[PDB]
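Comments concern the structure below.
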Amino acid sequence: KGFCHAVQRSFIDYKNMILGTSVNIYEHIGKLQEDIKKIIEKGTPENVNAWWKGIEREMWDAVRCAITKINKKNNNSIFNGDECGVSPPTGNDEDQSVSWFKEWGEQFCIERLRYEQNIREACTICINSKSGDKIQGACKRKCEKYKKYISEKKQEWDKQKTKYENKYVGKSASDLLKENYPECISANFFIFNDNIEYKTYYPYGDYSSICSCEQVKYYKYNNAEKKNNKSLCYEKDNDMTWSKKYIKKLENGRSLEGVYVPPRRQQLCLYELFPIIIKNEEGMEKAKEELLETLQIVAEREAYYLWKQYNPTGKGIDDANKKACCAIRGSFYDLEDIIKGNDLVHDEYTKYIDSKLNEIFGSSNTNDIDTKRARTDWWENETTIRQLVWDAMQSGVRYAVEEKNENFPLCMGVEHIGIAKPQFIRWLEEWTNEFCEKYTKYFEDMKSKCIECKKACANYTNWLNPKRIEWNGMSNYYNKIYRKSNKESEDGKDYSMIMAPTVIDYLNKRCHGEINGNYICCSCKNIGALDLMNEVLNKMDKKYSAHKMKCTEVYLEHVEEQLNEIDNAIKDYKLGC
Amino acid sequence: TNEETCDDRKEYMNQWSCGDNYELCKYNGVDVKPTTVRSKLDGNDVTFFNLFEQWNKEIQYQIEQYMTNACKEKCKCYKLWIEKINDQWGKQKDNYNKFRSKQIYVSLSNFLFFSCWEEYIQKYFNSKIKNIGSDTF
């Protein structure tokens, strides 16, 4: 196993060492490369590259001859060029850094699996604990060795990953390692936690599992004591944009686009589910109460974080509270969807979560739709789960209220709520809401400034520019899926429940009213005087035409000066007692 | 021939069309009304150039889905859009040269370089102030 891989690594190392590049691993490489260059550039005249390209085929033939003859001398069947690659490896990823990073990740995954197996063997006899049940002899020492190993791998991986990301900005190392080697899909780069709490509250980070046994139960709002910041994750952001990636590809011919992750959804706290799931790997179909406790914990924590961070952002207590209620409603809807697995995001978190849920609910041969139905009815069943989560969210929001010393908002105060719309509609309406808010802020700021609003106009136009492609995207997606009674629908979602041949009609008739937490969550008027924003998308509207000349003149001036800056910068980038 | 059998494939959707005074380019079924406020840059002329700007953007965006493009019908549609984009780019270059002629007092090379680096500076940064990469250069 892993033999022809080593052959490829060695061949790449020789190829990149025979000619002068960033190689200094040996006691010296510069001496050998300098001697090679001096020998080459005396008869051949660069010429080193031509000589290497000439001899590469012979070298590959030589290694093929070597493997063929070594298996010939072996008593087994004589092999041939059947080794991985009849040709030398291609130049797409011949960089030393890429290969070294890949091999480092592969061996890290293999050793992590080995440590997991060792822990499972040595800590299988919480359960069968011998005692404050922290003393075990072998289990504790093994997970401590794992702790130190992770401690050093933290800085190692940090350095290697930051170097790779700087070299190839626009990609991700974690996804590359996941796709190259399927041996570690359970890997979650959280093992290298930076927070001190994740190092002291979690004695072993990702392995606060079986090596540590406490069986701490969640404490409801009636309990004065809390989880004492068991999963005190970082607060979410408020000024970050959407994402066009992480969408499942049904096929290359279709390649559906125009769907974007809302800013609130992509900032979600779901850290604590992974370690508890790893701990409860054993005990299938009997630890679902622990899963319920953990999801109540995470829902309460995220609701408290959202209310703590969003409420101060805006002194309009009424509409800010209504918007926060709508946001937590949408968060609950998304949580319910991911409980039933009816979302489109396919990151390392959601993929692992859905795999675990499928292997838990699916006994031996239940169909995918059967598993969807089973998890849906289990979520709707009462012991309802979507009443326990609602009470947990209410507990979190009330904790936020008593921390902020305010009143209980009327919104979300109802103990029961109806079935929500498909997540695409919710994303579209919240996108319209945030676009309206941003437009009202930016246009008002630009009008207030004006003589000096050129910077304000630049901010307004660079905020407006990305919105055109967004609008085109979801308009095109809506025009291809609207009014389909689940027979010819693109997905399993029951479409055709919106009576709107066009998106403009539904956005006009949808939330042109109160911004409260019940169904309708928008408050926008005097914008068209609702449909004029398209004419504002391109720079021909009457409202913008007042400042258009000044804005384009200052934009051209900035273009010229920044052009001068960038060209001079790229010219400058040539290089006892 | 293949135009009707290929438009229904809803894969290309070349919305922009440049069609005499300035060779106006129309993004979609929206009329163009020049709001003049005013031999250098003046009046609605710059507005025309402004329109071209958005076209330029989607042109780059075009390549995106065309990077997702990959039998006989596919090849025919591929050549068809190649010809369309070629003629549209030629017309846009010609009307840009006309704009430059009316803007004698930025040469389709420095300006396009600035725009394609503005793409980079806007995708991640905002940030058009510092150049301290030294590895991404």
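Kindly put A:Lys467, A:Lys525 in sequence by how many other C-beta atoms sit within 10 Å of each C-beta, fewest to most. Don't skip to the answer; put the middle values down first.
Working: A:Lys467 16, A:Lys525 11.
Starting with the residue having the fewest Cβ neighbours, the order is A:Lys525, A:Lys467.
Setting aside same-chain residues fewer than 8 positions from A:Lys171, which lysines have a Cα under 21 Å from its Cα? Answer for A:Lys171, where 21 Å is the Cα cut-off: A:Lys102, A:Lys154, A:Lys159, A:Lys161, A:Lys163, A:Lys244, A:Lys245, A:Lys248, A:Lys249, A:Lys351, B:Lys123, listed by chain and number.
The separation of the range A:110-180 from the range A:476-494, counted between C-alpha centres, amounts to 44 Å.
Under 5 Å between amide hydrogens, built in the peptide plane, is the criterion, and for A:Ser243 it picks out A:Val261 among residues at least 5 positions away or on other chains. Restricting the range A:49-97 to chymotrypsin sites (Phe, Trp or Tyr not before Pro) that sit in a DSSP loop and have at most 16 other Cβ atoms within 10 Å of their own Cβ leaves A:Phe79. Listed from fewest to most Cβ neighbours within 10 Å, the set A:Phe192, B:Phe113 follows the order B:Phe113, A:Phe192.
Across the range B:88-100, rounded Karplus estimates of 3J(HN,Hα) from the backbone phi angles (6.51 cos²θ - 1.76 cosθ + 1.60, θ = phi - 60°) give 5, 5, x, 5, 5, 4, 5, 6, 5, 5, 4, 4, 5 Hz, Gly and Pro being marked x.
In chain B, taking the dipole from charged Cβ atoms about the Cα centre, the farthest positive-side position among B:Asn21, B:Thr68, B:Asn131 is held by B:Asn131. Taking each residue as 0.36 nm, the span from A:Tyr221 to A:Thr241 lengthens on full extension beyond its C-alpha to C-alpha distance by 3.7 nm. Checking every one of the GluC sites (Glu not before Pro) in the range A:197-234 against DSSP loop status and a limit of 16 other Cβ atoms within 10 Å picks out A:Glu214, A:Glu225.
Taking the centroid of alpha carbons for each part, the range A:499-577 and the range A:261-292 are 39 Å apart.
What list do you get for A:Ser231, A:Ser10 if you sort them by fewest beta carbons within 10 Å?
A:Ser10, A:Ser231
Within the straight-line cut-off of under 19 Å between alpha carbons, the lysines reachable from A:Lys134 are A:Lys142, A:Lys145, A:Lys147, A:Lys148, A:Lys199, A:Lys217, A:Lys230, A:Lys279, sequence neighbours fewer than 8 places apart in one chain being disregarded.
When only alpha carbons are used to place a centre, the range B:24-81 and the range B:1-22 end up 12 Å from one another.
Provide a whole-number value for the mean count of partner chain Cβ atoms within 10 Å of the Cβ atoms in peptide A:564-574.
Mean partner shielding for this stretch: 3.
For the protein assembly as shown, the direction-averaged projected area of the alpha-carbon convex hull comes to 47.6 nm². In order along the range A:220-237, the phi-based Karplus estimate (6.51 cos²θ - 1.76 cosθ + 1.60, θ = phi - 60°) of 3J(HN,Hα) comes to 6, 4, 4, 6, 5, 6, 10, 6, 6, 6, 5, 10, 6, 7, 6, 6, 6, 9 Hz; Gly and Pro are listed as x. Show which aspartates and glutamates lie in cross-link reach of A:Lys493 when reach means a straight Cα distance below 16 angstrom and same-chain residues fewer than eight apart are skipped. Within the straight-line cut-off, A:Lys493 pairs with A:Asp334, A:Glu336, A:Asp337, A:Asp343, A:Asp368, A:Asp370.
By the Cβ distance rule of under 4.7 Å, chain A has these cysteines without a partner: A:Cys65, A:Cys577. For trypsin sites (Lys or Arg not before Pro), the sites in the range A:297-379 that DSSP calls loop and that have at most 13 other Cβ atoms within 10 Å are A:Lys315.
Only the coordinates and a few stated rules stand behind these numbers; no lab work does. When we count neighbours, we look across all protein chains shown, and the Cβ atoms used for this are built from the backbone with ideal geometry, even at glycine.
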